[PDB]
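Coordinates from structure00.json are shown below (JSON, C-alpha atoms).
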[["chain", "number", "residue", "atom", "x", "y", "z"],
["J", 1, "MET", "CA", -121.95, 58.21, -113.76],
["J", 2, "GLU", "CA", -125.19, 56.37, -114.51],
["J", 3, "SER", "CA", -125.76, 52.60, -114.63],
["J", 4, "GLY", "CA", -126.21, 52.79, -118.39],
["J", 5, "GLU", "CA", -122.95, 54.71, -118.85],
["J", 6, "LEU", "CA", -121.06, 52.11, -116.78],
["J", 7, "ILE", "CA", -122.60, 49.27, -118.85],
["J", 8, "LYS", "CA", -121.51, 50.89, -122.14],
["J", 9, "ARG", "CA", -117.95, 51.42, -120.86],
["J", 10, "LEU", "CA", -117.87, 47.70, -120.01],
["J", 11, "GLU", "CA", -119.13, 46.85, -123.50],
["J", 12, "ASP", "CA", -116.38, 49.05, -124.96],
["J", 13, "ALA", "CA", -113.93, 46.93, -122.96],
["J", 14, "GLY", "CA", -115.38, 43.78, -124.53],
["J", 15, "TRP", "CA", -117.92, 42.72, -121.90],
["J", 16, "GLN", "CA", -121.14, 41.33, -123.41],
["J", 17, "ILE", "CA", -124.69, 41.55, -122.07],
["J", 18, "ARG", "CA", -126.10, 38.09, -121.30],
["J", 19, "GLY", "CA", -129.56, 39.45, -120.62],
["J", 20, "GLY", "CA", -131.41, 41.12, -117.78],
["J", 21, "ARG", "CA", -134.02, 40.06, -115.22],
["J", 22, "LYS", "CA", -136.94, 41.91, -113.66],
["J", 23, "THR", "CA", -136.55, 43.37, -110.16],
["J", 24, "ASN", "CA", -137.75, 45.78, -107.41],
["J", 25, "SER", "CA", -139.01, 48.30, -110.09],
["J", 26, "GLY", "CA", -135.68, 48.15, -111.96],
["J", 27, "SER", "CA", -133.67, 45.14, -113.17],
["J", 28, "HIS", "CA", -130.27, 43.44, -113.01],
["J", 29, "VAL", "CA", -128.09, 42.84, -116.10],
["J", 30, "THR", "CA", -125.32, 40.24, -116.23],
["J", 31, "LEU", "CA", -122.25, 40.60, -118.41],
["J", 32, "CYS", "CA", -119.43, 38.23, -119.32],
["J", 33, "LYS", "CA", -116.25, 38.72, -121.33],
["J", 34, "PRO", "CA", -114.68, 35.96, -123.49],
["J", 35, "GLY", "CA", -111.61, 34.63, -121.71],
["J", 36, "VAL", "CA", -112.65, 35.96, -118.31],
["J", 37, "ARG", "CA", -114.14, 33.62, -115.73],
["J", 38, "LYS", "CA", -116.07, 36.33, -113.92],
["J", 39, "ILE", "CA", -119.64, 37.64, -114.11],
["J", 40, "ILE", "CA", -120.56, 41.30, -113.61],
["J", 41, "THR", "CA", -124.06, 41.88, -112.23],
["J", 42, "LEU", "CA", -125.42, 45.44, -112.18],
["J", 43, "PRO", "CA", -128.70, 47.11, -111.18],
["J", 44, "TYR", "CA", -130.25, 49.48, -113.73],
["J", 45, "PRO", "CA", -131.23, 52.18, -114.10],
["J", 46, "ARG", "CA", -129.28, 54.14, -111.53],
["J", 47, "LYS", "CA", -128.74, 57.87, -111.92],
["J", 48, "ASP", "CA", -125.61, 57.89, -109.83],
["J", 49, "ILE", "CA", -122.95, 55.33, -108.91],
["J", 50, "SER", "CA", -120.65, 55.53, -105.88],
["J", 51, "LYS", "CA", -116.89, 55.76, -106.21],
["J", 52, "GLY", "CA", -116.79, 52.72, -103.92],
["J", 53, "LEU", "CA", -118.74, 50.69, -106.47],
["J", 54, "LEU", "CA", -116.77, 52.06, -109.44],
["J", 55, "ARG", "CA", -113.45, 51.25, -107.77],
["J", 56, "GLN", "CA", -114.53, 47.63, -107.34],
["J", 57, "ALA", "CA", -115.95, 47.58, -110.88],
["J", 58, "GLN", "CA", -112.51, 48.72, -112.09],
["J", 59, "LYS", "CA", -110.88, 45.76, -110.37],
["J", 60, "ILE", "CA", -113.25, 43.18, -111.85],
["J", 61, "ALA", "CA", -113.23, 44.61, -115.39],
["J", 62, "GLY", "CA", -109.52, 45.50, -115.34],
["J", 63, "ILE", "CA", -110.05, 49.05, -116.64],
["J", 64, "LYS", "CA", -110.35, 52.58, -115.27],
["J", 65, "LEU", "CA", -113.76, 54.26, -115.20],
["J", 66, "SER", "CA", -113.59, 58.06, -115.21],
["F", 1, "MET", "CA", -107.12, 41.62, -71.21],
["F", 2, "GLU", "CA", -110.03, 39.36, -70.20],
["F", 3, "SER", "CA", -113.59, 40.19, -69.18],
["F", 4, "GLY", "CA", -112.71, 39.64, -65.54],
["F", 5, "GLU", "CA", -109.86, 42.14, -65.49],
["F", 6, "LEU", "CA", -112.00, 44.75, -67.32],
["F", 7, "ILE", "CA", -114.79, 44.34, -64.74],
["F", 8, "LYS", "CA", -112.29, 44.84, -61.90],
["F", 9, "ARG", "CA", -110.92, 47.95, -63.64],
["F", 10, "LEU", "CA", -114.53, 49.20, -63.85],
["F", 11, "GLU", "CA", -114.99, 48.51, -60.13],
["F", 12, "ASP", "CA", -111.81, 50.48, -59.44],
["F", 13, "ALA", "CA", -113.53, 53.39, -61.21],
["F", 14, "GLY", "CA", -116.56, 53.16, -58.94],
["F", 15, "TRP", "CA", -118.81, 50.89, -61.01],
["F", 16, "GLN", "CA", -120.59, 47.87, -59.51],
["F", 17, "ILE", "CA", -121.76, 44.59, -61.02],
["F", 18, "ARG", "CA", -125.51, 44.83, -61.38],
["F", 19, "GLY", "CA", -126.01, 41.29, -62.63],
["F", 20, "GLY", "CA", -125.74, 38.84, -65.49],
["F", 21, "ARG", "CA", -128.12, 38.44, -68.35],
["F", 22, "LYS", "CA", -128.38, 35.50, -70.72],
["F", 23, "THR", "CA", -129.71, 35.41, -74.26],
["F", 24, "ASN", "CA", -129.50, 33.24, -77.39],
["F", 25, "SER", "CA", -125.73, 33.50, -78.10],
["F", 26, "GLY", "CA", -123.85, 34.00, -74.83],
["F", 27, "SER", "CA", -124.14, 35.94, -71.60],
["F", 28, "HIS", "CA", -123.67, 39.58, -70.63],
["F", 29, "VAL", "CA", -122.77, 41.46, -67.47],
["F", 30, "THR", "CA", -124.45, 44.80, -66.68],
["F", 31, "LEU", "CA", -122.86, 47.36, -64.37],
["F", 32, "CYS", "CA", -124.06, 50.53, -62.72],
["F", 33, "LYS", "CA", -122.45, 53.34, -60.75],
["F", 34, "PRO", "CA", -124.02, 54.97, -57.66],
["F", 35, "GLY", "CA", -125.28, 58.49, -58.35],
["F", 36, "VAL", "CA", -125.04, 57.87, -62.10],
["F", 37, "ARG", "CA", -128.05, 57.03, -64.24],
["F", 38, "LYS", "CA", -126.12, 54.92, -66.76],
["F", 39, "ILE", "CA", -125.57, 51.25, -67.56],
["F", 40, "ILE", "CA", -122.57, 49.47, -68.97],
["F", 41, "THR", "CA", -123.38, 46.24, -70.84],
["F", 42, "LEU", "CA", -120.40, 43.93, -71.42],
["F", 43, "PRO", "CA", -120.03, 40.68, -73.35],
["F", 44, "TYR", "CA", -118.91, 37.92, -70.97],
["F", 45, "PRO", "CA", -116.75, 35.94, -70.68],
["F", 46, "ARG", "CA", -114.04, 36.99, -73.17],
["F", 47, "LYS", "CA", -110.39, 35.91, -73.25],
["F", 48, "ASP", "CA", -109.34, 38.98, -75.24],
["F", 49, "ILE", "CA", -110.72, 42.50, -75.66],
["F", 50, "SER", "CA", -109.81, 44.96, -78.41],
["F", 51, "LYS", "CA", -107.90, 48.17, -77.83],
["F", 52, "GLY", "CA", -110.83, 49.76, -79.70],
["F", 53, "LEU", "CA", -113.30, 48.59, -77.06],
["F", 54, "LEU", "CA", -110.98, 49.48, -74.16],
["F", 55, "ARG", "CA", -110.47, 53.03, -75.50],
["F", 56, "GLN", "CA", -114.24, 53.49, -75.54],
["F", 57, "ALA", "CA", -114.62, 51.96, -72.09],
["F", 58, "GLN", "CA", -112.13, 54.55, -70.83],
["F", 59, "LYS", "CA", -114.04, 57.22, -72.71],
["F", 60, "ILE", "CA", -117.35, 56.34, -70.99],
["F", 61, "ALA", "CA", -116.37, 54.85, -67.65],
["F", 62, "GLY", "CA", -112.99, 56.41, -66.92],
["F", 63, "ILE", "CA", -111.03, 53.25, -66.22],
["F", 64, "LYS", "CA", -107.25, 52.85, -66.29],
["F", 65, "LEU", "CA", -106.05, 50.94, -69.34],
["F", 66, "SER", "CA", -102.57, 50.83, -67.81],
["G", 1, "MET", "CA", -127.62, 32.43, -94.35],
["G", 2, "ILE", "CA", -126.29, 35.87, -93.35],
["G", 3, "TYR", "CA", -124.09, 37.53, -95.95],
["G", 4, "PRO", "CA", -121.88, 40.61, -95.65],
["G", 5, "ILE", "CA", -122.38, 43.49, -98.07],
["G", 6, "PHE", "CA", -120.20, 46.57, -98.56],
["G", 7, "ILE", "CA", -122.27, 49.68, -99.19],
["G", 8, "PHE", "CA", -121.50, 53.24, -100.21],
["G", 9, "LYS", "CA", -123.54, 56.44, -100.17],
["G", 10, "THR", "CA", -124.93, 57.72, -103.50],
["G", 11, "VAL", "CA", -127.18, 60.68, -104.32],
["G", 12, "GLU", "CA", -130.15, 58.31, -104.79],
["G", 13, "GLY", "CA", -129.36, 56.34, -101.64],
["G", 14, "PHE", "CA", -126.80, 53.52, -101.55],
["G", 15, "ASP", "CA", -125.05, 50.95, -103.69],
["G", 16, "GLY", "CA", -122.44, 48.28, -103.15],
["G", 17, "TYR", "CA", -121.43, 44.66, -103.63],
["G", 18, "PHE", "CA", -120.91, 41.33, -101.88],
["G", 19, "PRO", "CA", -117.26, 41.27, -100.82],
["G", 20, "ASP", "CA", -117.31, 37.45, -101.12],
["G", 21, "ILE", "CA", -118.96, 37.49, -104.54],
["G", 22, "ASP", "CA", -116.77, 39.24, -107.11],
["G", 23, "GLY", "CA", -118.87, 41.13, -109.64],
["G", 24, "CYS", "CA", -122.16, 41.03, -107.77],
["G", 25, "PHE", "CA", -123.40, 44.63, -107.45],
["G", 26, "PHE", "CA", -126.69, 46.11, -106.22],
["G", 27, "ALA", "CA", -128.31, 49.42, -105.25],
["G", 28, "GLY", "CA", -131.30, 50.85, -103.43],
["G", 29, "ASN", "CA", -132.83, 54.04, -102.07],
["G", 30, "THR", "CA", -133.42, 52.76, -98.53],
["G", 31, "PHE", "CA", -131.80, 50.08, -96.43],
["G", 32, "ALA", "CA", -134.86, 47.86, -96.99],
["G", 33, "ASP", "CA", -134.63, 48.57, -100.71],
["G", 34, "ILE", "CA", -130.96, 47.70, -101.00],
["G", 35, "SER", "CA", -131.39, 44.45, -99.02],
["G", 36, "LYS", "CA", -134.09, 43.37, -101.44],
["G", 37, "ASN", "CA", -131.97, 44.40, -104.41],
["G", 38, "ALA", "CA", -128.95, 42.53, -103.01],
["G", 39, "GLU", "CA", -130.91, 39.27, -102.68],
["G", 40, "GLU", "CA", -132.08, 39.71, -106.26],
["G", 41, "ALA", "CA", -128.53, 40.46, -107.45],
["G", 42, "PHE", "CA", -127.28, 37.38, -105.60],
["G", 43, "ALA", "CA", -129.76, 35.01, -107.25],
["G", 44, "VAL", "CA", -129.23, 36.36, -110.76],
["G", 45, "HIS", "CA", -125.45, 36.26, -110.28],
["G", 46, "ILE", "CA", -125.13, 32.73, -108.87],
["G", 47, "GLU", "CA", -127.25, 31.31, -111.70],
["G", 48, "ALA", "CA", -125.02, 33.05, -114.24],
["G", 49, "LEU", "CA", -121.88, 31.55, -112.61],
["G", 50, "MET", "CA", -123.41, 28.07, -112.74],
["G", 51, "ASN", "CA", -124.54, 28.48, -116.34],
["G", 52, "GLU", "CA", -121.10, 29.66, -117.45],
["G", 53, "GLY", "CA", -119.10, 27.16, -115.38],
["G", 54, "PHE", "CA", -117.30, 29.82, -113.33],
["G", 55, "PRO", "CA", -116.16, 29.39, -109.68],
["G", 56, "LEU", "CA", -118.93, 29.68, -107.09],
["G", 57, "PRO", "CA", -118.28, 31.77, -103.97],
["G", 58, "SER", "CA", -117.87, 30.18, -100.54],
["G", 59, "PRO", "CA", -119.93, 31.11, -97.44],
["G", 60, "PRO", "CA", -118.87, 34.15, -95.37],
["G", 61, "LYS", "CA", -115.32, 34.07, -93.99],
["G", 62, "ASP", "CA", -113.65, 34.91, -90.66],
["G", 63, "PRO", "CA", -114.73, 38.33, -89.25],
["G", 64, "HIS", "CA", -111.07, 39.35, -89.41],
["G", 65, "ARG", "CA", -111.22, 39.21, -93.22],
["G", 66, "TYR", "CA", -113.85, 41.99, -93.30],
["G", 67, "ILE", "CA", -112.35, 44.11, -90.51],
["G", 68, "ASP", "CA", -109.03, 43.98, -92.38],
["G", 69, "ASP", "CA", -110.58, 44.70, -95.84],
["G", 70, "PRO", "CA", -109.05, 47.96, -97.12],
["G", 71, "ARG", "CA", -112.03, 48.58, -99.43],
["G", 72, "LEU", "CA", -114.06, 49.62, -96.40],
["G", 73, "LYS", "CA", -111.44, 52.20, -95.38],
["G", 74, "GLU", "CA", -110.81, 53.49, -98.95],
["G", 75, "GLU", "CA", -114.16, 54.87, -100.02],
["G", 76, "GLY", "CA", -116.46, 55.31, -97.05],
["G", 77, "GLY", "CA", -117.79, 51.78, -97.15],
["G", 78, "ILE", "CA", -120.13, 50.41, -94.50],
["G", 79, "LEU", "CA", -120.61, 46.73, -93.61],
["G", 80, "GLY", "CA", -124.18, 45.45, -93.71],
["G", 81, "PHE", "CA", -125.90, 42.08, -93.46],
["G", 82, "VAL", "CA", -128.47, 40.41, -95.68],
["G", 83, "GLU", "CA", -130.32, 37.15, -95.04],
["G", 84, "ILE", "CA", -130.26, 34.99, -98.17],
["G", 85, "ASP", "CA", -131.95, 31.59, -98.47],
["G", 86, "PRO", "CA", -130.66, 29.69, -101.56],
["Q", 1, "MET", "CA", -134.52, 50.98, -86.46],
["Q", 2, "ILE", "CA", -131.06, 51.28, -88.03],
["Q", 3, "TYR", "CA", -128.09, 51.33, -85.61],
["Q", 4, "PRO", "CA", -124.45, 51.95, -86.57],
["Q", 5, "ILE", "CA", -121.90, 49.71, -84.82],
["Q", 6, "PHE", "CA", -118.10, 49.95, -84.58],
["Q", 7, "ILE", "CA", -116.26, 46.64, -85.02],
["Q", 8, "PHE", "CA", -112.73, 45.68, -83.94],
["Q", 9, "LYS", "CA", -110.61, 42.50, -84.01],
["Q", 10, "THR", "CA", -109.78, 40.32, -81.00],
["Q", 11, "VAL", "CA", -107.53, 37.20, -81.15],
["Q", 12, "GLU", "CA", -110.74, 35.21, -80.81],
["Q", 13, "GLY", "CA", -113.07, 37.05, -83.15],
["Q", 14, "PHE", "CA", -114.39, 40.59, -82.76],
["Q", 15, "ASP", "CA", -115.92, 43.03, -80.34],
["Q", 16, "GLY", "CA", -117.38, 46.52, -80.57],
["Q", 17, "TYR", "CA", -120.09, 48.92, -79.47],
["Q", 18, "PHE", "CA", -122.99, 51.14, -80.53],
["Q", 19, "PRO", "CA", -121.53, 54.67, -80.93],
["Q", 20, "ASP", "CA", -125.03, 56.10, -80.32],
["Q", 21, "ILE", "CA", -125.47, 54.05, -77.13],
["Q", 22, "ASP", "CA", -122.87, 54.73, -74.47],
["Q", 23, "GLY", "CA", -122.06, 51.64, -72.47],
["Q", 24, "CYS", "CA", -123.52, 49.14, -74.93],
["Q", 25, "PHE", "CA", -120.79, 46.66, -75.88],
["Q", 26, "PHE", "CA", -120.84, 43.33, -77.73],
["Q", 27, "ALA", "CA", -118.50, 40.58, -78.91],
["Q", 28, "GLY", "CA", -118.41, 37.33, -80.85],
["Q", 29, "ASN", "CA", -116.34, 34.88, -82.83],
["Q", 30, "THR", "CA", -117.91, 34.08, -86.19],
["Q", 31, "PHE", "CA", -119.20, 36.30, -88.96],
["Q", 32, "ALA", "CA", -122.79, 35.33, -88.12],
["Q", 33, "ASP", "CA", -122.24, 36.43, -84.50],
["Q", 34, "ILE", "CA", -121.75, 40.08, -85.44],
["Q", 35, "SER", "CA", -125.33, 41.11, -86.20],
["Q", 36, "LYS", "CA", -126.81, 38.55, -83.78],
["Q", 37, "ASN", "CA", -124.69, 39.48, -80.76],
["Q", 38, "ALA", "CA", -124.89, 43.21, -81.50],
["Q", 39, "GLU", "CA", -128.67, 42.94, -81.42],
["Q", 40, "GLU", "CA", -128.71, 40.89, -78.19],
["Q", 41, "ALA", "CA", -126.39, 43.35, -76.44],
["Q", 42, "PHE", "CA", -128.80, 46.09, -77.44],
["Q", 43, "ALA", "CA", -131.78, 44.22, -76.02],
["Q", 44, "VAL", "CA", -129.92, 43.53, -72.77],
["Q", 45, "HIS", "CA", -128.80, 47.16, -72.48],
["Q", 46, "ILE", "CA", -132.13, 48.91, -73.19],
["Q", 47, "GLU", "CA", -134.00, 46.54, -70.86],
["Q", 48, "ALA", "CA", -131.55, 47.35, -68.05],
["Q", 49, "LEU", "CA", -131.98, 51.10, -68.64],
["Q", 50, "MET", "CA", -135.75, 50.70, -68.53],
["Q", 51, "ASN", "CA", -135.59, 48.47, -65.44],
["Q", 52, "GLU", "CA", -133.65, 51.14, -63.57],
["Q", 53, "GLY", "CA", -135.72, 53.95, -65.10],
["Q", 54, "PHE", "CA", -132.53, 55.54, -66.51],
["Q", 55, "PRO", "CA", -132.63, 57.86, -69.57],
["Q", 56, "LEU", "CA", -132.68, 56.12, -72.94],
["Q", 57, "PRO", "CA", -129.91, 56.83, -75.46],
["Q", 58, "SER", "CA", -130.52, 59.65, -77.94],
["Q", 59, "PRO", "CA", -131.77, 58.47, -81.38],
["Q", 60, "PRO", "CA", -129.05, 56.93, -83.59],
["Q", 61, "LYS", "CA", -127.35, 58.92, -86.38],
["Q", 62, "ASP", "CA", -127.39, 57.68, -89.98],
["Q", 63, "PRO", "CA", -124.53, 55.16, -90.28],
["Q", 64, "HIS", "CA", -122.69, 57.21, -92.92],
["Q", 65, "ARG", "CA", -122.29, 60.08, -90.44],
["Q", 66, "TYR", "CA", -119.65, 57.93, -88.69],
["Q", 67, "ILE", "CA", -117.56, 57.19, -91.76],
["Q", 68, "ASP", "CA", -114.68, 59.47, -90.74],
["Q", 69, "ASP", "CA", -114.77, 58.61, -87.02],
["Q", 70, "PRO", "CA", -111.22, 58.76, -85.62],
["Q", 71, "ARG", "CA", -111.96, 55.89, -83.20],
["Q", 72, "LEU", "CA", -112.23, 53.58, -86.24],
["Q", 73, "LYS", "CA", -109.00, 54.89, -87.77],
["Q", 74, "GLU", "CA", -107.05, 54.83, -84.48],
["Q", 75, "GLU", "CA", -107.63, 51.19, -83.59],
["Q", 76, "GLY", "CA", -108.31, 49.51, -86.92],
["Q", 77, "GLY", "CA", -112.09, 49.26, -86.62],
["Q", 78, "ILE", "CA", -114.80, 49.18, -89.29],
["Q", 79, "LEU", "CA", -118.23, 50.76, -89.47],
["Q", 80, "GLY", "CA", -121.24, 48.45, -89.69],
["Q", 81, "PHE", "CA", -124.99, 48.73, -89.14],
["Q", 82, "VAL", "CA", -127.70, 46.42, -87.88],
["Q", 83, "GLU", "CA", -131.47, 46.67, -88.16],
["Q", 84, "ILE", "CA", -133.20, 46.26, -84.84],
["Q", 85, "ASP", "CA", -136.89, 45.48, -84.40],
["Q", 86, "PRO", "CA", -138.98, 44.19, -81.45]]

Target encoding structure tokens, full file:
Amino acid sequence: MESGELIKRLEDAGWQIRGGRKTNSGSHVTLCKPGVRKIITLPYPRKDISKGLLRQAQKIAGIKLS
Amino acid sequence: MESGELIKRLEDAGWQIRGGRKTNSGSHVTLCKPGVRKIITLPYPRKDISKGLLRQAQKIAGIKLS
Amino acid sequence: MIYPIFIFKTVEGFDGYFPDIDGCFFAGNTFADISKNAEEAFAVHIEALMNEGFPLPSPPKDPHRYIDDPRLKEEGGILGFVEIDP
Amino acid sequence: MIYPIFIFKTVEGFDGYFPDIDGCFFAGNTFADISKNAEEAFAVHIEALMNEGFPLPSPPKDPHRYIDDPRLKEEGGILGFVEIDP
């Protein structure tokens, strides 16, 4: 799963992109979801994402990613 | 087990205190064993030592854990 | 200040997150790359928390909290350290 | 240089060793002590080896090569890594 794929899955779950800031050749995007008092911060682009990361992303977003 | 008891178990296995060494966080004790071209470097002094560390000490130095 | 990171092998190199900072993820091709990316992720993430009015994380906890963290065991996670100066 | 370390709990804090460096042990109490004390134990150990003219440890493996190490599983340890430079 790519960074962009993970971002779109989060958007499907109601997370909204706040914007993105320039970085070591790539960037970081932050997302927030109405009613949730958490931020998700992700590097992009990434061609591959670890299951370790995805597992934690599942916990923060409250959805499965597969 | 404390540092002191571990050192005496190492001596029982033929190791000798080489000397202490002091750096920017605490001190250390180095040991050597006659006819062996190896060093053991221990944190010192400690009031408790993990089973993890002890298992490795046995692995390398051949002490009794009792 | 020294912060713990949990990192995981990817095909590109590594990615992971700050175990004390829920939602703060990062990635890099080398260890030097991922430490730079982590600092960047940290700064962007803290400023978002402050802008939104969400809880800010506390400094790193007792070593026992990381040694007992099942997330390391679960997925082949490794503990690393990044220097961050707010 | 990147060195893997194994980390275990004590009542007090933590201790551990460099799996690629037999005989090199470290310990500490706070989270910040982990990388600091690991690195000092290394410096103490290598300098002793060189002082005695004893063989130096073989080059370290990549940290992720130790992810399934039974020593970690058997006594509740975790896998970390530190970057060491002169």

Residue 13 (chain G) environment, 12 Å, all atoms listed in the file, sequence neighbours closer than 5 positions dropped, as a compact mmCIF listing (two decimals) with C-alpha atoms, in the frame of the given file:
# COMPACT_ATOMS: atom_id res chain seq x y z
CA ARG J 46 -129.28 54.14 -111.53
CA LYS J 47 -128.74 57.87 -111.92
CA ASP J 48 -125.61 57.89 -109.83
CA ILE J 49 -122.95 55.33 -108.91
CA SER J 50 -120.65 55.53 -105.88
CA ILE G 7 -122.27 49.68 -99.19
CA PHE G 8 -121.50 53.24 -100.21
CA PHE G 26 -126.69 46.11 -106.22
CA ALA G 27 -128.31 49.42 -105.25
CA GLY G 28 -131.30 50.85 -103.43
CA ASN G 29 -132.83 54.04 -102.07
CA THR G 30 -133.42 52.76 -98.53
CA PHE G 31 -131.80 50.08 -96.43
CA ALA G 32 -134.86 47.86 -96.99
CA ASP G 33 -134.63 48.57 -100.71
CA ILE G 34 -130.96 47.70 -101.00
CA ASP Q 62 -127.39 57.68 -89.98
CA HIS Q 64 -122.69 57.21 -92.92

Let's have chain F fitted on chain J; use all the C-alpha atoms paired in order for the least-squares step and return it as a PDB file with C-alpha atoms, in the frame of the given file.
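New file result_20.pdb:
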ATOM      1  CA  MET F   1    -122.007  58.470-114.068  1.00  0.00           C
ATOM      2  CA  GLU F   2    -125.150  56.569-115.119  1.00  0.00           C
ATOM      3  CA  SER F   3    -125.757  52.860-115.648  1.00  0.00           C
ATOM      4  CA  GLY F   4    -125.534  53.326-119.398  1.00  0.00           C
ATOM      5  CA  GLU F   5    -122.094  54.918-119.347  1.00  0.00           C
ATOM      6  CA  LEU F   6    -120.786  52.226-116.942  1.00  0.00           C
ATOM      7  CA  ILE F   7    -122.047  49.468-119.269  1.00  0.00           C
ATOM      8  CA  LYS F   8    -120.288  51.110-122.231  1.00  0.00           C
ATOM      9  CA  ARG F   9    -117.078  51.390-120.182  1.00  0.00           C
ATOM     10  CA  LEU F  10    -117.446  47.656-119.433  1.00  0.00           C
ATOM     11  CA  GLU F  11    -117.893  46.949-123.152  1.00  0.00           C
ATOM     12  CA  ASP F  12    -114.734  48.953-123.843  1.00  0.00           C
ATOM     13  CA  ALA F  13    -112.976  46.515-121.493  1.00  0.00           C
ATOM     14  CA  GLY F  14    -114.203  43.515-123.464  1.00  0.00           C
ATOM     15  CA  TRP F  15    -117.389  42.681-121.552  1.00  0.00           C
ATOM     16  CA  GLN F  16    -120.708  42.030-123.311  1.00  0.00           C
ATOM     17  CA  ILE F  17    -124.311  42.489-122.208  1.00  0.00           C
ATOM     18  CA  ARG F  18    -125.668  39.048-121.451  1.00  0.00           C
ATOM     19  CA  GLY F  19    -129.206  40.177-120.709  1.00  0.00           C
ATOM     20  CA  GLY F  20    -131.599  41.818-118.294  1.00  0.00           C
ATOM     21  CA  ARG F  21    -133.221  40.249-115.309  1.00  0.00           C
ATOM     22  CA  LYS F  22    -136.228  41.529-113.398  1.00  0.00           C
ATOM     23  CA  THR F  23    -137.205  40.892-109.799  1.00  0.00           C
ATOM     24  CA  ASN F  24    -139.396  42.409-107.070  1.00  0.00           C
ATOM     25  CA  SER F  25    -137.684  45.832-106.701  1.00  0.00           C
ATOM     26  CA  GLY F  26    -136.136  46.847-110.026  1.00  0.00           C
ATOM     27  CA  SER F  27    -134.177  45.333-112.880  1.00  0.00           C
ATOM     28  CA  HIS F  28    -130.588  44.179-113.328  1.00  0.00           C
ATOM     29  CA  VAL F  29    -128.201  43.778-116.240  1.00  0.00           C
ATOM     30  CA  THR F  30    -125.784  40.821-116.346  1.00  0.00           C
ATOM     31  CA  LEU F  31    -122.583  40.906-118.386  1.00  0.00           C
ATOM     32  CA  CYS F  32    -120.038  38.321-119.411  1.00  0.00           C
ATOM     33  CA  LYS F  33    -116.635  38.377-121.080  1.00  0.00           C
ATOM     34  CA  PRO F  34    -115.495  35.845-123.719  1.00  0.00           C
ATOM     35  CA  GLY F  35    -112.889  33.421-122.383  1.00  0.00           C
ATOM     36  CA  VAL F  36    -113.724  34.448-118.812  1.00  0.00           C
ATOM     37  CA  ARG F  37    -115.931  32.373-116.540  1.00  0.00           C
ATOM     38  CA  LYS F  38    -117.302  35.334-114.570  1.00  0.00           C
ATOM     39  CA  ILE F  39    -120.483  37.398-114.393  1.00  0.00           C
ATOM     40  CA  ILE F  40    -121.006  41.032-113.570  1.00  0.00           C
ATOM     41  CA  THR F  41    -124.451  41.851-112.141  1.00  0.00           C
ATOM     42  CA  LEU F  42    -125.381  45.551-112.212  1.00  0.00           C
ATOM     43  CA  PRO F  43    -128.366  47.457-110.842  1.00  0.00           C
ATOM     44  CA  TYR F  44    -130.174  49.200-113.711  1.00  0.00           C
ATOM     45  CA  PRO F  45    -131.054  51.895-114.508  1.00  0.00           C
ATOM     46  CA  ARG F  46    -129.237  54.314-112.165  1.00  0.00           C
ATOM     47  CA  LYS F  47    -128.727  58.061-112.607  1.00  0.00           C
ATOM     48  CA  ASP F  48    -125.710  58.105-110.287  1.00  0.00           C
ATOM     49  CA  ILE F  49    -123.126  55.531-109.205  1.00  0.00           C
ATOM     50  CA  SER F  50    -120.795  55.802-106.217  1.00  0.00           C
ATOM     51  CA  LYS F  51    -117.044  56.183-106.487  1.00  0.00           C
ATOM     52  CA  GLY F  52    -116.989  53.182-104.120  1.00  0.00           C
ATOM     53  CA  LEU F  53    -118.802  51.005-106.653  1.00  0.00           C
ATOM     54  CA  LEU F  54    -116.756  52.320-109.597  1.00  0.00           C
ATOM     55  CA  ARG F  55    -113.461  51.587-107.791  1.00  0.00           C
ATOM     56  CA  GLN F  56    -114.594  47.993-107.313  1.00  0.00           C
ATOM     57  CA  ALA F  57    -115.796  47.731-110.901  1.00  0.00           C
ATOM     58  CA  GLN F  58    -112.302  48.779-111.992  1.00  0.00           C
ATOM     59  CA  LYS F  59    -110.851  46.279-109.551  1.00  0.00           C
ATOM     60  CA  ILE F  60    -112.836  43.365-111.052  1.00  0.00           C
ATOM     61  CA  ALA F  61    -113.454  44.336-114.659  1.00  0.00           C
ATOM     62  CA  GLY F  62    -110.582  46.677-115.471  1.00  0.00           C
ATOM     63  CA  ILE F  63    -112.573  49.593-116.831  1.00  0.00           C
ATOM     64  CA  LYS F  64    -111.392  53.188-117.192  1.00  0.00           C
ATOM     65  CA  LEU F  65    -112.934  55.488-114.599  1.00  0.00           C
ATOM     66  CA  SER F  66    -111.455  58.456-116.461  1.00  0.00           C
TER      67      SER F  66
END

Do you have the CA of residue 56 (chain F)-CA of residue 13 (chain F) distance handy?
14.3 Å

Atom pair CA of residue 10 (chain G) / CA of residue 61 (chain J): separation (Å):
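It comes out at 21.2 Å.
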
Using all atoms listed in the file, which of G:20, G:39, G:85, G:75 sits nearest chain J?
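When distances to chain J are compared using all atoms listed in the file, the smallest one comes from G:75.
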
May I ask for the distance between CA of residue 1 (chain F) and CA of residue 30 (chain F), given in Å to one decimal place?
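Distance between the two atoms: 18.2 Å.
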
As a PyMOL selection string, please: the residues near residue 22 (chain G) (cut-off 12 Å, all atoms listed in the file, same-chain neighbours under 2 positions excluded).
(chain J and resi 37-42+53+56-61) or (chain G and resi 5-6+16-20+24-25+41-42+45-46+49+54-58)

Residue contacts of region 22-26 of chain F (8 Å, all atoms listed in the file) excluding same-chain residues fewer than 5 positions away, as a PyMOL selection string:
(chain F and resi 43-44) or (chain Q and resi 33+36-37+40)
